[PDB]
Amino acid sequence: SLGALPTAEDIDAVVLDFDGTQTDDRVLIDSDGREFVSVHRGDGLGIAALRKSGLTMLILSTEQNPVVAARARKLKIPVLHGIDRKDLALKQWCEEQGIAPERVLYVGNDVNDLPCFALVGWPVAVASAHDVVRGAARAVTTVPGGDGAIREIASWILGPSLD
């Protein structure tokens, strides 16, 4: 029915934007160009649970800085980053695995996520997403990016105990 949240039976894969989706879009920088971002332990918990349930996972980012890959390492899920066209990378990634895009949940926050949203069955915007992104999503989290939005999504799929 219209507006229904995704369930475990609806999806085979979870693809996550990084900055602004797993973070609050802020980046700490030094004079050398080193970057730091804040991630949320609740998201860690949610991602670990989704991973353990057998879902195919990906972090997808246009950002070249290795900080995204450092987070991906901690979470033990694949990362594709420094990609010019997010949507083309996503299309190719689905086709390499024979995954139906209709059974992909993709989480984003800004306008460079919109072409990905159009490709997949379950586009999800974090609460802090920009206007047109919030609208284009099939579901919207109540928790903002960097505050545990991915844990909230994990609870939709796996239930409140994250079983």
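One rule holds for the numbers: they count along the sequence shown, beginning at 1.
Of the two segments examined, 114-122 and 28-36, it is 28-36 that shows the higher average Cα temperature factor in the deposited entry. Look at the C-alpha B-factors of 98-106 and of 134-142. On average they run higher in 98-106.
Per the PDB record, residue ranking by Cα B-factor puts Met57 in the highest third of the chain.
When the modelled residues of the chain are ordered by C-alpha B-factor, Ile83 sits in the highest third. Ranked within its chain, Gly46 lands in the lowest third, by CA B factor from the PDB record.
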